[PDB]
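The structure appears right after this line, and notes come after that.
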Amino acid sequence: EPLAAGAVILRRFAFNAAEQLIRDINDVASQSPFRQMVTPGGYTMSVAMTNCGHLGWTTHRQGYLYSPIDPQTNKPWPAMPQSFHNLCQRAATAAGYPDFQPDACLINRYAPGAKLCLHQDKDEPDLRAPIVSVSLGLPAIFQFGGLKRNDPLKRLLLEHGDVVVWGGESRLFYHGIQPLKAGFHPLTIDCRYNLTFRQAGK
DNA sequence: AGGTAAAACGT
DNA sequence: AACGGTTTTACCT
Ligand SMILES: O=C(O)CCC(=O)C(=O)O
Ligand SMILES: [Mn+2]
C-alpha cells in the first residue's frame with residue numbers, strides 16, 4: 001500500500017549518500033547556524049533549524065516567510081550543496097516527480113524530545129511542486145494525515161536514509177513528527193536530521 | 001471577504 | 001498518551 005495519492009516513502013533511499021549529506025549539513029551550519037525559531041505566538045520551537053539554497057523558511061513576528069537572507073547572520077543562506085540537490089533530484093524522479101526543481105532546503109535538527117506538531121506546508125505559491133523529505137540519524141514517528149486536521153493519521157517510523165515525497169492530491173496534507181526518543185546513531189551520535197526540499201519561489 | 005496565525009494544554 | 005480544542009479570535013491585505 002502506497003502512502004497517499006501522489007505520496008510515497010522510499011525506504012533507505014538516501015542511505016548510501018548519508019555520510020556526505022551529513023558533512024554538508026555541518027558545512028551549511030558553519031555559515032548559517034542551527035537556531036530554534038520563535039513562533040508569532042512567542043514560543044520557541046523544539047526543533048533547531050537552518051536553511052540552504054536560494055530561499056529559507058523562517059518565523060517572524062508577523063508569521064512564516066521564505067527569505068533569501070538569514071535574519072540571524074544578515075547574509076544569504078549558504079548555497080544548496082550539490083550532494084543535497086543530486087539526492088533530491090534522484091528521489092523526486094523515483095517518486096514520479098522528475099521535473100522538480102527545488103530552490104529551498106530546510107534543515108531540521110531533532111534533539112531528544114523535539115517534535116513538530118501537525119501542520120501543512122503551505123507557504124509556497126506553486127502548489128504543483130512536491131515536498132521531498134530526507135531522514136538522517138535517529139528514528140522518528142512521522143504522522144501523515146489528510147486535508148483536514150482531524151483526518152485519520154497514518155503513523156510511520158522513519159529511519160536513517162528514508163525519503164518521503166508528497167505532492168499533487170496529497171500536497172497540502174497535514175503531517176508532523178512525534179517527540180524524538182533518545183538513542184544512539186553512529187553517524188549523528190544523538191540526534192535526527194531532516195532535509196526538506198521545496199520550490200518556494202517561481 | 002479571505003488568509004494566517006497554532007510548525008504552538010486538557011482529557 | 002492519542003486526540004482534539006483553540007482560531008470557541010485578532011489582525012492584516
Ligand atoms: O522532520 C520531518 O520529517 C518533517 C519536517 C517538516 O515537516 C518540515 O520541516 O516542514
Ligand atoms: Mn512540514
Side-chain angles (χ1 to χ4, degrees), chain A residues 3-4 7 9 25 28-29 32-72 77 84 88 102-158 162-167 170-183 191-202:
Chain A
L3 221 203
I9 180 175
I25 286 168
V28 172
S32 282
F34 283 105
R35 84 294 307 263
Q36 288 170 256
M37 291 169 187
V38 182
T39 62
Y43 293 107
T44 300
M45 294 174 69
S46 58
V47 174
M49 294 170 162
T50 187
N51 293 275
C52 57
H54 292 298
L55 293 168
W57 189 84
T58 61
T59 67
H60 209 207
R61 265 180 171 169
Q62 303 91 312
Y64 313 143
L65 168 70
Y66 284 98
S67 65
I69 302 300
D70 181 343
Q72 193 167 291
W77 300 103
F84 280 33
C88 180
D103 61 6
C105 178
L106 174 61
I107 311 179
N108 303 133
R109 184 184 69 197
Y110 295 75
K115 68 181 188 301
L116 207 50
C117 287
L118 212 72
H119 69 275
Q120 297 173 288
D121 279 30
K122 58 178 191 189
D123 305 321
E124 311 84 31
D126 190 356
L127 258 30
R128 298 171 298 175
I131 312 287
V132 176
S133 188
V134 184
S135 292
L136 301 160
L138 289 174
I141 301 167
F142 181 63
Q143 302 173 327
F144 201 75
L147 271 181
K148 291 178 287 183
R149 199 255 190 156
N150 278 33
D151 284 343
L153 295 183
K154 288 184 174 189
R155 287 175 169 86
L156 302 80
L157 191 75
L158 298 186
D162 286 357
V163 177
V164 185
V165 184
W166 65 100
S170 61
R171 178 59 174 81
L172 293 171
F173 280 12
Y174 280 88
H175 61 278
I177 292 288
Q178 298 183 184
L180 193 83
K181 204 168 88 77
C191 70
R192 174 178 181 262
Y193 293 114
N194 171 263
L195 309 176
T196 303
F197 295 92
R198 301 181 192 97
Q199 190 203 135
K202 286 298 295 294

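So you know, we letter chains A, B, ... as the sequences are listed, proteins then strands, and number each from 1.
The interatomic distance linking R198(A) (CZ) with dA7(B) (P) rounds to 13 Å, in whole Å. Per the geometry, OH belonging to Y174(A) stands 16 Å off P belonging to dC3(C), to the nearest Å. With rounding to whole Å, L116(A) atom CG is found 8 Å from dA7(B) atom P. Going from atom NZ of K115(A) over to atom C1' of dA2(C) covers 15 Å, rounded to whole Å. Going from atom NE2 of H175(A) over to atom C1' of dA7(B) covers 8 Å, rounded to whole Å. The CD-P distance, from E124(A) to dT4(B), rounds to 11 Å in whole Å. The nearest whole Å value for the distance from the OH atom in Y110(A) to the P atom in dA7(B) is 13 Å. A straight line from CG of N51(A) to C1' of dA7(B) spans 13 Å, rounded to a whole angstrom.
Look at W57(A) and the base of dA7(B); the rings stack, centres closer than 5.5 Å and planes less than 30° apart.
Residues of residues 142-152 of chain A that place a heavy atom closer than 4.0 Å to DNA chain C, in numerical order, are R149(A), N150(A).
Applying the 4.0 Å criterion to OP1 and OP2 of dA5(B), one finds that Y64(A) has every side-chain N and O outside that range. OP1 or OP2 of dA6(B) has at least one side-chain nitrogen or oxygen of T39(A) nearer than 4.0 Å. Here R155(A) reaches the OP1 or OP2 of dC3(C): one of its side-chain N or O atoms lies under 4.0 Å away.
Atom name P, nucleotides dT9(C) and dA8(B): the rounded distance is 23 Å, in whole Å. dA2(C) sits 25 Å from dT7(C) when the P atoms are compared, rounded to a whole Å. As rounded to the nearest Å, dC3(C) and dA6(B) have P atoms that lie 24 Å from one another.
The shortest non-hydrogen separation linking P68(A) to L55(A) is N-CD2, 3.6 Å. Taking both residues in full, the closest heavy atoms of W77(A) and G53(A) are given as CB-O, 3.7 Å, listed atom of the first, atom of the second, then distance.
Here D123(A) lies in heavy-atom contact (under 4.0 Å) with a base. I177(A) comes within 4.0 angstrom of no nucleic acid atom, judged by non-hydrogen atoms across all strands.
Residue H119(A) holds its NE2 atom at 3.0 Å from NE2 of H175(A), rounded to the nearest 0.5 Å.
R35(A) contributes a side-chain N or O that, together with a main-chain N or O of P33(A), makes up a donor-acceptor pair within less than 3.5 Å.
Positionally, the nearest nucleotide of DNA chain B for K122(A) lies more toward the 5' end than for the other of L118(A) and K122(A). Between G63(A) and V47(A), it is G63(A) whose nearest contact on DNA chain B lies nearer the 5' terminus.
Looking at residues two or more places apart in sequence or on another chain, you find a salt bridge (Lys or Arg N to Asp or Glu O under 4.0 Å) between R128(A) and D126(A).
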